[PDB]
Amino acid sequence: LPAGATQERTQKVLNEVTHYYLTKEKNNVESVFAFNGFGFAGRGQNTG
Amino acid sequence: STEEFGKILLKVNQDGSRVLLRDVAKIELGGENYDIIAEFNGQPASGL
Amino acid sequence: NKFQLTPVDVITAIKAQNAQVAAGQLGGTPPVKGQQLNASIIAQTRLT
């Protein structure tokens, strides 16, 4: 997400990423471990 | 215990009534910090 | 002496007015639901 984006927003997008992986790819996907808090650019409420 | 903590005396009023910690705050077990929400298939999780 | 001050007053002033204060964030974890703003709170910065 971009600069300022609250955790709650970043969760929506994260719940979407998990949803897509749990439907459109149900056959390949085993599990999604979603981490709303830190990426690799940094830590922060706008990363995941 | 949260109960012990809430029973912390902060102030005695002029008339003799007590001002307890639970009178100014919400005691509850919780986390060291709330920066990372980690869901597993959209469920709350921990792990190593 | 003119102004009734010792080097203790000086040292106290310097530690009070030359300080780096941690002041938290607006909209920080743990968050209320429906928050759009997450910004750092900035207070005293060391003199330069």
# chains A, B, ... in the order shown; residues from 1 in each chain; ligands from 1
$ select_by_dssp --residues "chain C" --states "strand (DSSP E or B)" --output "NGL selection string"
:C and (22-26 or 39-42)
$ interface_residues --of "chain A" --to "chain B" --cutoff "6 Å" --atoms "only C-alpha atoms" --output "list in words"
residues 32, 33, 34, 35, 36 and 37 of chain A
$ write_last_selection --atoms "C-alpha atoms" --output "PDB file, in the first residue's frame"
ATOM      1  CA  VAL A  32      -1.467 -18.692   2.565  1.00  0.00           C
ATOM      2  CA  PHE A  33       0.499 -17.198   5.506  1.00  0.00           C
ATOM      3  CA  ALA A  34      -0.498 -13.521   5.411  1.00  0.00           C
ATOM      4  CA  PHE A  35       1.684 -11.063   7.393  1.00  0.00           C
ATOM      5  CA  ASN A  36       0.057  -7.622   7.580  1.00  0.00           C
ATOM      6  CA  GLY A  37       2.872  -5.619   9.091  1.00  0.00           C
TER       7      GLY A  37
END
$ interface_residues --of "chain A" --to "chain C" --cutoff "7 Å" --atoms "only C-alpha atoms" --output "PyMOL selection string"
chain A and resi 4-6
$ select_by_dssp --residues "chain C" --states "helix (DSSP H, G or I)" --output "PyMOL selection string"
chain C and resi 7-17
$ write_last_selection --atoms "N, CA, C and O atoms" --output "short mmCIF file (atom, residue, chain, number, x, y, z; two decimals), in the first residue's frame"
data_model
loop_
_atom_site.label_atom_id
_atom_site.label_comp_id
_atom_site.auth_asym_id
_atom_site.auth_seq_id
_atom_site.Cartn_x
_atom_site.Cartn_y
_atom_site.Cartn_z
N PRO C 7 25.82 26.41 37.80
CA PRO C 7 25.93 25.49 36.65
C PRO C 7 24.93 24.37 36.71
O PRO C 7 24.77 23.66 35.72
N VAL C 8 24.26 24.15 37.85
CA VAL C 8 23.23 23.11 37.87
C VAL C 8 22.03 23.54 37.03
O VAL C 8 21.44 22.74 36.30
N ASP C 9 21.66 24.81 37.14
CA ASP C 9 20.59 25.31 36.29
C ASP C 9 20.94 25.15 34.82
O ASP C 9 20.16 24.57 34.05
N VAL C 10 22.11 25.66 34.40
CA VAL C 10 22.59 25.42 33.05
C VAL C 10 22.46 23.93 32.70
O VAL C 10 21.84 23.58 31.69
N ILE C 11 23.02 23.02 33.50
CA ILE C 11 23.01 21.63 33.05
C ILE C 11 21.57 21.13 32.93
O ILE C 11 21.23 20.36 32.02
N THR C 12 20.70 21.57 33.83
CA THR C 12 19.32 21.11 33.74
C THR C 12 18.62 21.63 32.47
O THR C 12 18.01 20.84 31.73
N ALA C 13 18.70 22.94 32.21
CA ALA C 13 18.24 23.51 30.96
C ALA C 13 18.75 22.75 29.75
O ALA C 13 18.00 22.51 28.79
N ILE C 14 20.04 22.44 29.70
CA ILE C 14 20.58 21.82 28.45
C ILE C 14 19.96 20.45 28.23
O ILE C 14 19.69 20.10 27.08
N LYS C 15 19.69 19.72 29.30
CA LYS C 15 19.17 18.34 29.15
C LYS C 15 17.68 18.40 28.82
O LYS C 15 17.17 17.44 28.24
N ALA C 16 17.04 19.50 29.18
CA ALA C 16 15.60 19.65 28.92
C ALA C 16 15.38 20.21 27.52
O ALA C 16 14.46 19.74 26.85
N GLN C 17 16.20 21.16 27.11
CA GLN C 17 15.95 21.83 25.81
C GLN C 17 16.77 21.19 24.69
O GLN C 17 16.45 21.45 23.53
#
$ closest_residue --among "B:26, B:11, B:21, B:32" --to "chain C" --atoms "only C-alpha atoms"
B:32
$ residues_around --residues "residue 6 of chain B" --least-positions-apart "4" --cutoff "10 Å" --atoms "only C-alpha atoms" --output "NGL selection string"
:B and (1-2 or 20-28)
$ residues_around --residues "residue 38 of chain A" --least-positions-apart "2" --cutoff "6 Å" --atoms "only C-alpha atoms" --output "list in words"
residues 43, 44, 47 and 48 of chain A
$ atom_distance --atom1 "atom CA of residue 16 of chain B" --atom2 "atom CA of residue 4 of chain B"
21.1 Å
$ atom_distance --atom1 "atom CA of residue 26 of chain A" --atom2 "atom CA of residue 11 of chain A"
20.9 Å
